[PDB]
Each structure stands twice: as C-alpha cells, then as structure tokens.
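Chains as they are written, first to last, in the entry's author numbering: chain P, 353 to 527; chain Y, 294 to 488; chain D, 149 to 244; chain C, 1 to 98; chain B, 30 to 1140.
We put the beta carbon where it would ideally sit given N, CA and C, even for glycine.
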Ligand SMILES: [Zn+2]
C-alpha cells in the first residue's frame, strides 16, 4: 500500500491523483490482456465496454496518461543540439506588432479628436482608454451631469457618426 | 598547498561554513521552462526532475525523523538526500550519473556551464543574430573592389523595416500593415524603392 | 442565414426561437446568450467568455447570474427528453 | 545592481544560508509542477505563482485582478503580486533541508 | 550481355572475366532469408554446410528453450517459428502509413513432469516487420535501410608493446567475449605475469591456476620451459586452492564474507556458465581456430573452458619466449604470432539479420524473466502457455530498434545509385562499435586486407571519413559474418576456371596474382616474374610457377558507384573519391540521357537497384499505356505491371516511371519493361552529355566556377521536378475540436478562390508564398480583448470571430502547382493517432530550371557552381557554327590530377562523331590488340570503358585521328583533340586551338533555392532570448567567437556591441530599435543582454554570492 501510494503521488512529473492513476493502470493492463487474447489491439469502443464508461472518457484518460519529454535531449541524428534549441517563445514580444499597436493608438486618438469633445470623452470613459476601467452609464452620468438615457442616445449618435466611411476605411486596414 | 587555501579563508570575510549547506536555492521557473509542443506532448527542462528528486528525499526524511525511526533507516535517507543534492549540481561527478529514459544522463546545473556547448561559449561569447542571411557564392568578375552583388529577394528580407518606412514615405502604402502585405507579396512597387 | 442546431431554430431578424415549429418568447439577456451559444455549437465557452460577450465587460457582480440563465434556458428549450445544453464543470457550457 | 551597463565591479563569493534566504522570495515544499487537468501551476510547487510571480501578465491565481491598474498589490486570496510575468524569469526561491 | 533487352555497348575491355557480377542485393536478401528460414536459404545451407542448418529465429528459440522453475517439475519450451501472409501490399503500407509486416507464431510446449502434462499452443508472438523484394523495410510509410556495421569479432587477441622504460618487449592478451566479463593476461615490466580480471589489477597467473584445481606440481610438470612465470610461481606467496579461491573472492567481490562454496561457485559462474558469459558461435569458432583446439568437431558449448584458458596462457608465454609454433595437448599444431585488430580476418560484419536477431534476443530475455515470474506466482495445473506468454517486451524491443537507431536510416533516394549505395554499405558506428568521438587514425586508415572486401575510394568526405565504406562489387558475407571475395586458382602455372571464395584469413596463407596479367590463352603468363600480394600485405615479384591464386577480374577492389567512373585509373585517389561521393547526389532530370562514354556497370546497377520494372515472365505485350503494362505470358496467364508516376521520394525528388516497350513486341524474363527516374533504356543515367570547351573565359569561370549556354535553360536539358508535401492535422482539444473548413475568419476572397467547399486547395491550382493550402480553424474562444478591438468591431461592425485561424500556409520561399491530396479521418475507419480526427497532406511540385548558384559536377570530382548563364549568341562556337554548351576553367585540372576527365572528353567527342579505322593495309599497330566491332562506329555511338581494363591512350589517339566528318567535309577536331573556336562577343577567331568534346555533367542536389536564407526579425528561444537557427525556423546567423575576435582585431567596438546586444538578447533594445528604425530616428543606446542575467541567476543558484558593484 505504501509503495503504490508513493508511486501514484511521486512517479510522474505532473502529479496525477491516485483515483486517476488506478484507472490508467487498469485500462493499460486490461488493454494489453485484450491485445494478447484477441491477436490485435483493442479499439477505444471495445476498451470502453470493459471500462463500463464512455469512449470519450477512455480517450481523455489515454491523452491524460502521456508524460513529458526532456527539453535537453539531443534531437539530431548526431549529438549537435538540444530540443530546446527548436522551441519558440510564444510569450515573447513579436516586436513588429508593438509598433503597429502604438501607431494604431495614435490613429485612434486622431479619429476620436475628429468627433466632438463630449462624445469623444463619453466613448473614452465608456471603453477604458484614458484609464483601464470602461465605466458604466451611471458613472459617466455622474461625471457629466447628464441622464443615463441621454448618455445612451449620445453613444448611439457617436457610433453612427463614427461608422462614417473615412473612419471605417482608415481603421479597417489596421487588422 | 594547504596554506594556499587556509590563508585565503583567513584573509577575507568569507566563512568556511559555506562549504556545507542548510538550504539550497531554486532557479526561476522561466530559466527551466515547461511548455506544450505541437501535438499535445509536453516538454520539461530536465532540471525539474532533479529538483523533484531533492524535494521528495527531503520531505521523506523530515517525515521519518518526525515519526521516529531506526538510525540506519534515517542514515540511508540522509545519504539519499546528499546524493540527490550532488546529482542536482553535478550529475555524474561521483559514481554513475542519474539517468533518464533512453539510458541518457540528466544534465545538471554545472552541466550548462562547462563545455563548448555550454552557456559560456555556445551562448554568451557567441550569439545567434538578426538582420543576417547566407547563400552560395558566385564570382562577379565585373564588380569593383568595394562592391558585392546581393540577391534582391534576400536584400528585401534583410532591409525590411528600412524599405517599409521608405515606401510608406513614398505613399505607395498608407500604413505599415499595407506595407508589410506588399512586402510579403513582393509587389512591383517595392523593387524600385529597394535600390 | 438562419441559425440552427437540430431541434433549435433561431432567427436573428425576426427575433424568436422555434423547437421544431414551437416558438417561445425569451428575455433579451437570455436571447443573446442563446444566440452566441448557437453560433458556437460544439465548442466550450468559458465563464469569462460568456460574461465579456453577453454581458458588458464592466459587470462587477458575481458569476452565478449565468448559472441562473443557463437554468432558465434548460427549463425552457432543453425541456425535451434529450439534454443539449450540457455543462463541463469548472470550464463552461456547450450546446450539443 | 540596476542593469544600466554601469558596472564598476563584479564580485563572487561563497553563499551563506542567510544570503540564500535573502534571495529567496519564498519556500518551495511540494514536488508538483503543473496541474494535469487545468494546466495551471500548483500552490507551493516548483512553479508557484505566489513564490515566483504570476504566469499571465496582470493576473492573480484565479484572475481576481485582470487590469494593469493594480500595481504591486498582492491578492489577499492567493498571495500573488500583480506584475509582469517576466519577473518569473528573475524571481527565485529556496528549499529548507532537514 | 546476358541481359535480354540490353542496348549494344561496345567495350574496350581486352580480357574476358570468368564469372559475372553477383546479385547486388545479396548482402541484405541472403541475411534476411537466413533470419527467417525460407526454403531458399534451406537449400543454400543444404548445399553448403548441411551439418547444422538452423535459422536465426530457430536458433534463438532453441537457445531460450527450455525455461525451468526452481522445482524442475514443470517447464516451458518454444518450437516451430512460423510466419503468415503479410498484412497488406507494400504500396498500400506506404500509402496509409502502415508497417509492412507479417504475423509470427510459435508452437509453445508446456510440460509437467510431476504427473505428466503436455500443453501445445500456437502462441502469437507478434507482428514481425518484413523486408521488401528490394531490400528495404517500410515503417510508418517510410523506406528505411539497416546498414551493416563493422565490429571486432569476439575472441582472443594478442598484442605486443614497448615499455619505453628499458625497451623491454611486453606481450598482452585480451579475451573479449560478446556479453561477458573481460579476461586479461600480460607480462609486466618485470618478469611478473599479470591476470588483471574484470578490471582488478592484481593476481599473477599462479592464483588463477591454483583456483582452477591445479597444483604447483602440475603447473611445473605441464609448463616447464616458462622460466619467467616459473619465477612468478616461486613468488606466488599463496599456496592452496582454497586460499587462491578466497583471494580471488575477496578481490573481485569486496564487502562480502568469503565461504568455502561461494568462491568455487562464483569462479565457475563467472566464465564457465553460459548464462552469464558466452562468446557467440563466431567467438567460439575464432578461439578454436586461433588455438587449434577442435578442427573436426561441431560448434557447441559456446562458453569458455578451462583448457581453453590454459591454452591461452601457454600461447602467451610461448610467444613472449620468441617461439613461432605451438601444439596444445590434444590439439593441432598452430603458428604463434600476434594478432592485428584491424585485419579483416578479425573485424566481422554485423548484418541486418544479426542485428534483428540480437534485438529479438533482448526482447525474449525480458520474455523469459516475465514468464518465470508469472509461472512461479500463478497456481499449478491451471496454467496455460497463453496465460504465461506476454509479447509486449518483444514487440516493444523490435519497434525500439526499427525506429530511432542510428543503424536504421532513411533510404535516401535522390536516384537508384543513392539507394543501391545506401544498401550494400558498411558503417562503423552505433551501439557495440567505436564512435566519431572515439575514432583512431589507424581505424580510419586503409588496411591491405581491404582489397576486394571494402572499397578504399568510396567513402564519406566529412568528419566521418574512413568510418563508412561500401562493399566491393564482388564481395560476399561468410556464414559467420566475415567478408570473403572470389578468386581463381593457378595450378602448374596455368589458371583454372575454378573459382573459390577466400576470406582474409586464408589469403595470407596464399600468394594471389594480378587480374590484368598477360595470359597466354592457355593458362601461362608471358613473364616468369609477376607482381602479386604476399602474406603481410606486401607487393612483390614472384616466379610464375609459385603463385597459387589470381584475381577474378579488374574492379574487384572497387565499389559499385566508383566502378561507374570512366578512366578511373587516370584519376587521383581523392578526386576519384569526390567523384564517387557526388555520383549519389545527382538529382533526376526529366530526360536522363544515357552517357556517351561509360562502363558496363550501369546496366547491372539499374537492374539491381529495383527502380526499373522487369518482365518476370517471358511473353508478348498485350497493351501499353502511361500507367500500366499488360503482358500475355506463354502459359495462358497474363500479368499487369502498374507503373508509379510522380511519386515523391524521401528527399523531395520525382520518381516518374515510363514505358519503353511497344504494343506487340515480345519480352524475355529479366528484360527491362519500363525505365525509372535516372535510367535510359534500362541503364543508369545521372546526367547529360554537354559539349564542353576547357578554356578560361572572361573570369566568369574563375576558381572552379562553370559557365553554360542559355539553350540548357531553354531546351530543359538541365531541369528537375521537385515535389514537396505539407501536413496539418485537426485534433481534439480541451475547448472542443478544430475543423478544416473554407470558412476562415477575417480573410479576403481571392485567396479563397483556390479553396473548394471542403477547405483544401483544388488539385492543379497553382500556389505561391503566403497562400493558404488548408483552411483549418481552431476553437480559442476569446482572450483579453484590447480596447482597440472593441472600438473596431463597434466602428465597422466586426463580429464575434470566436475562432482562431491556425491554417496551413505554404512555407516562405517556394511556389508551384498542386499534384494531389490525401485526406484521413476517423469517420472513414482510417486509423489515426489518438486525439487527431482529421489528417491532411498536400503535395506541391516545382519544375525547377537550372540557374546560377546550382552545383554541377562531372564524374571525376570536378565540381563547381554556375557563375553565369550566357546567351547562346555570346558563346564560343566551332567553325560549323555549333555553340559550346558548357565552359570549365583550365587551371583546375593539372593542380588536382584528374586528367581522366580530359580523357573522357576526348573519347566522348570520338563517340559523338563516330569513326572508321582504315584497314586498307591491315590494321594499324595501335589497333592490333583493339577488339573487332570497334574499328568502325556510327555517329552518336555509346562506348563502355571498364575501370581498369580501359581504353589505352594510344587507342584513343588513333581513334581521334579518324573521326569522320559531321555534315559536310570538315574535321573540326584535329589530331590532338583540339579545335578552333570563334569568340561570340568580338567575332575574331581565338588565337590558339582549345580542346572541345562531350562530357557527362550532372546536377547535384545543392540547388541555391534550398540554400538561400535571410532574416530581419523572427522567433526567439525561451531560456535565453537568442534568435532561433535553421531554415525550419526563421533562422538567424551565428556570430561566433572567431567572428568576435575578428571584430576586436579591427578595433571596431560599436558594431560588436550592436551585434551582441540589440540584435540577440536586449529585449527592450530590440523593440526600441525596431520602433526607432521604422519611425526614422537614430538607434538608441543598447542595454544589458538577457543571457548575462540568465548566467547571473544561474551562478546564484549554485550557492555563489555573485553581485555587481556600482562604485
Ligand atoms: Zn487572486
């Protein structure tokens, strides 16, 4: 009991609960028994019949059972470089979309300035451009001394005039 | 030969207590990344295995001493912990190295410093570098001495920010996104501005 | 341009939903929830997806609002024998 | 010590337990790396957000804060400091040997 | 010709060989037949060594059986390893990524002796991968070849050394068995004899002999002359068999208390028990032959024996005493001499069958362990062979070999030559052999025993020079893995027609004569003294009445690729090596014209490479199309050969096949029916015949560069088809399932025009860089929506677009047409990897024309890139007006000693123009020995020059003399092979005649399109922010330490700072520099590289208090 509990709790790089390790080992054992008996490998539906659970959960268990590989094992046919020399940095800054983002920021500033100051401020505080919070209609109402209904109408009017062909075409290429 | 270390300890402010360790540090996780490659398969940096081994041995030892056990059991656990720490820093310096799947040794901390393929030489003095290319060499007998003939496609790829900025200056594109598209499709309005 | 999944038939332009010829009137919130479910048939949508799209971003309340709305939609259009709007615990909801 | 390419000297010496604990931003005590189901780092594991920094930028362990405004304020539910995930490339911890 | 459909190829060979070239795939086919146990191999063993015909699988089964328990009252055994019909045909297996395999069954017998029980069961042992008729394995749709490797044969090896302290001559012996513990003996600097066993450096022979049940009296009685170790025995300082046993025990097994019986049982168990120590049958044979132990006895009891050990010691002491002959008691007299480790009589060849048998041995060792454990655990009288056997270790082991082992490699198929050279190749790496980190110069050298066994010219050129070679064209593998070569025998100084195959062991005991010796048509040589090879690899002259062997033919010492080099003997060794190494890199063109000058080897090479369809039964041809050929056999039945077209090989080259037959002609068995990629009329053709001038021209052919006419571009003389495949898979994921659909968010319409409703590009729709091949869209949901995205969908009306587009796009830098598509899905029963529900592969072809930067080569190692393609008008043209096709520089020939290419040029011009030797008054003197039917050749004839019985210089000069005019009466090429050219640029005739001719030029697989790279900004690595490397990723060049040194040497500091900081590691510097360069301001100051910070934290994690001090 101690050895098996410790194996379940410590053998894998990614910890797997014992309740799932038990089913993984049972699935593997009976699948190899079935292969030996039948002469061919058992299909997922056949294995699900013995698991008394659905083939979707059988496949989920199968893909759960996979283990990681080392980032430093030699990938080349000879020993020249490690697998870690072939993996990209997903989280790294692509360094060309940053320039696109800042220039689109400037263009959005200009387009907002094309509109009236009241509507521009309403949209800014409504979508969170000056700060991080896109405020609510009540907040813009209390900061502008105006009713929330009039705010809704001013937002709709602002959006209608913002739909205008030059603004739409100018912003469209930035995507 | 004994004084050349004893006097070194005496002269400075260091303390020979530094030889032994009560706590070991842990490298930041990004320096030992774990990432999912294409196909769902996972990849670890091979250092987390050594760290996991050390953690397991230490936790088991503390459980043993807090539960009460024969000194031979406790000493075996302590020896295992010491060997785990020695494997962490230097895998294979003492005895056979700890090996993973495929009967290959796990790379330890010092293993990423020593050697030509180690950090100091393969990664710090040398460096992979941007704005660079390569290709085969042909003779240019009609060139001048201060001159070299460069492929137009590779030159376009190399000078890409320069040419994109100049071509948006010439108004052939409205923005850098349009400029990047006409760079990728290599439209005829880029070749003349390339020169 | 008619949104469909087997039993459920949603039309945007006329703004009502059919169960194989059975229309029922729904609340606007639940209507947007059903529409942006049906356009993502067979795909898991997590709680932040749901809240950010159907509700506005500035929804500063607690999440069980979507729980109650999924209950509404289940007792309304799932009321058939088969269960379509299934739930993946700790992940989200899928109509399938 | 500010990373401004103005370095008058670079010194090396033996490290003591006090220096190790000073470097450490926490103690790691669980040999767990990543959750097998939600693919998120475990608490007190080898990748713990509380010890090493948040995995995603400007996000807590559960996502209670998801805005750039919360600068250097630790989550009361999780204990993670809201900052750039690149601190995980610099933040280091330690373990205590029995 | 001995081949029914052979085109006539007049030859300059003077001598007639006795025996024809063997089947060139015998090395693999015979080995696999031995492993399996086919009736063909049964007959072979019956006719040769019928004393014990046993296959590899039968042998491993009989060795493993019987498996016993501790009680011994019940046991298990294996018998009758039988196969079954293969799963699917080779084409099917290659199509659907299966493995060309077959079931295997074993008749397991479980016996119970306590009461008497026999249980017979046909247990399914697994699905054994099979070998195709062309000698390759098909694994997961890939053609893999298992190259035979070279390892020292296990056995006993003696060596001699000089101490250099007193110039004392020391002698040592090593008994190195496969799968055992070493045995060692030596004589020390003093008279003491050391027996350091299992790396335990003590124990003179006295203790071992005493522990072997021998006494000092027996030792002095048997071994009396050995005064050296007699003195050693007098200094035994240990008497008593028990004392010696305890000494050996306390040395080899420290930490355990010796016992009376553990010592004896351990000494026996270490060597004399086959469970822990066994030389293979080859090792036992080697020891027996070395020591003359058994000469008329069969091989059994493969483990070591005590009398073998004592014979080894006797041999060592006799050798150190200066003896030259010994007779072991009960054994035959044998010479006493040291052994060479690199002699091919000791370097055996592990072939495919042996490697497979060893892997099976490992798998079945695990089998035996598991079955013994289960047979102990499970209850008796309720146990079955099926319940006992668990084939998983065996199948896992065979898979683990056949994939991911450096002795199993992709069968490179740029051309049939490359395939046939990857097979019949001898490597020296992999498990069980030395590695590139271990190679010695003595290993890399050419041993004199190589002659006729392994080619000394054909070998890789890079760092692994000398560790990889090729079998000689006439070579064969002995039943024990030793390479043997045929040779004729001379009796009474007359050469018989009898051919015997001789191994390097018996060659030293003979004096083998030369292939091209002046035979007298009766058996005698014209000169008494002939040049031959003696015992020690020396070459000397010998009276003719004393030689005893002779070479079967010339080219016996050469490989299959090198034997296709004309005028080989006129080429330097290393240049010929380069030519042979480039013969196998030539791409297949669209025509593949047969060379004007060649050797007779091309026909057999094309036949045996398996890339040419052959009529397996003689008959008429009923109907022929571009895809199939039907033949009407004599005996009523008809056969259909399907012909593969435009199939991509492992290296992205076309494998088109074309019929060369009519609709009514009859064909014989073995005749070529349809030619392959690099073949013409059934003979290998790797290039094209080009009209060449060898003058330097305007510096465009400076330093090995090559110039060509533009008509080579226009007429598609040098052009190739390059087919590339792209894969993408739709796989399930946590959020749902990715789907391949033409509906892909935020995409234009013209780029969707080539996409059908399925979502995959239409067949035949041409494609270019950046386009979509497969529209595959993935379920992502939503992420942090930046304010600007919300503003955009508000302003214009952008929708949810909840999905992400990870569509298949063509990789950067290629285009072309789309051939075909294969689509796999689970809904169509197709077996797929778990988690993937749809797989798509897309095939793209480019008809690549010849261009500058591409690499051309002759057959003589004269390679070069294309400096400039020249307009057809601006080329040197003969007086007839025909422009030359290719120009090579003349400074490259005399420096490199490859005059054979010029000989080929002259003979090629002669063969292109035709000739007639005027036999008005007899034949001239040079043509006296020239063969008939060669005195007169029509224009555009084809000639064969065998590599060493080639065309003599006098014959070639005489041929050049009479070179009948082309169209009108004009001899453009004069007596000495030169001609007068007109400069196509200035028009004035060239002041001096230059040589012109026809040379065979081939295009190598080094096209500039596959070697051009540029990078401005791409991916970066994770641990350190350095850019990636290689064309697979976006690359980034390596600025190494040498480049850093050069930059410091210039004194240039700022560019070094920029090359290290803001181009590779400083992340903020990278982003800021990109912003500055796009906006138009000067580059900002660099920061601190990220790699240095990584190093700082790394050193900190090693308990080093390292910090930076600012003042
Ligand atoms: Zn939190």
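Ligand 1 heavy atom lying under 7 Å from the CB of residue i
{"i": "residue 62 of chain C", "result": "yes"}
{"i": "residue 822 of chain B", "result": "no"}
{"i": "residue 69 of chain C", "result": "no"}
{"i": "residue 48 of chain C", "result": "no"}
{"i": "residue 211 of chain D", "result": "no"}
{"i": "residue 78 of chain C", "result": "yes"}
{"i": "residue 1132 of chain B", "result": "no"}
{"i": "residue 1073 of chain B", "result": "no"}
{"i": "residue 441 of chain Y", "result": "no"}
{"i": "residue 122 of chain B", "result": "no"}
Residue i, buried or exposed, once every other Cβ within 10 Å from all chains shown has been counted against 16
{"i": "residue 294 of chain Y", "result": "exposed"}
{"i": "residue 423 of chain Y", "result": "buried"}
{"i": "residue 1021 of chain B", "result": "exposed"}
{"i": "residue 1132 of chain B", "result": "buried"}
{"i": "residue 160 of chain D", "result": "exposed"}
{"i": "residue 61 of chain B", "result": "buried"}
{"i": "residue 210 of chain D", "result": "exposed"}
{"i": "residue 149 of chain C", "result": "There is no way to answer for residue 149 of chain C, as the model of chain C reaches only from 1 to 98."}
{"i": "residue 899 of chain B", "result": "buried"}
{"i": "residue 939 of chain B", "result": "buried"}
Cβ of residue i within 8 Å of any chain E Cβ
{"i": "residue 520 of chain P", "result": "Given the protein chain composition of this structure (P, Y, D, C and B), no chain E is represented."}
Cβ neighbours of residue i in the same chain (closer than 7 Å, five flanking residues each side left out)
{"i": "residue 468 of chain B", "result": "496"}
{"i": "residue 400 of chain B", "result": "96, 105, 417, 418"}
{"i": "residue 296 of chain B", "result": "240, 274, 277"}
{"i": "residue 1 of chain B", "result": "With chain B represented from 30 up to 1140, any question about residue 1 of chain B goes unanswered, as that position is not in the structure."}
Beta-carbon proximity list for residue i, same chain, < 6 Å, skipping 5 on both sides
{"i": "residue 574 of chain B", "result": "522"}
{"i": "residue 753 of chain B", "result": "681, 873"}
{"i": "residue 426 of chain B", "result": "388, 391, 392"}
Sequence-distant residues of its chain with Cβ nearer than 8 Å to residue i (five each side left out)
{"i": "residue 470 of chain P", "result": "496, 506"}
Can you check the segment 923-983 of chain B for any alpha helix (DSSP H) of at least 4 residues that lies completely inside it and give the ranges in chain order?
929-942
Pull out every residue of the segment 396-426 of chain P whose Cβ sits closer than 8 Å to any Cβ of chain C, in chain order.
416
Let me know the beta strand (DSSP E) ranges lying completely inside the segment 498-571 of chain B, each 3 residues or longer, listed in chain order.
512-520, 523-532, 558-562
Residues within the segment 129-152 of chain B neighbouring chain P, beta-carbon criterion of under 7 Å
none
Contacting positions in the segment 309-320 of chain Y - beta carbon closer than 9 Å to chain C
309, 310, 311, 312, 314, 315, 316, 317, 318, 319, 320
Jot down the residue ranges of each uninterrupted alpha helix (DSSP H) in the segment 157-208 of chain D, minimum 4 residues, whole runs only, in chain order.
176-186, 195-201
Which ranges would you report for the beta strand (DSSP E) in the segment 630-687 of chain B if only whole runs of at least 3 residues count?
648-653, 657-662, 667-671
Interface positions of the segment 339-358 of chain Y facing chain B (Cβ-Cβ less than 9 Å), listed along the chain:
none
Going residue by residue through the segment 228-297 of chain B, where are the continuous alpha helix (DSSP H) segments of at least 4 residues, counting only ones entirely within it?
234-240, 245-251, 256-263, 270-281
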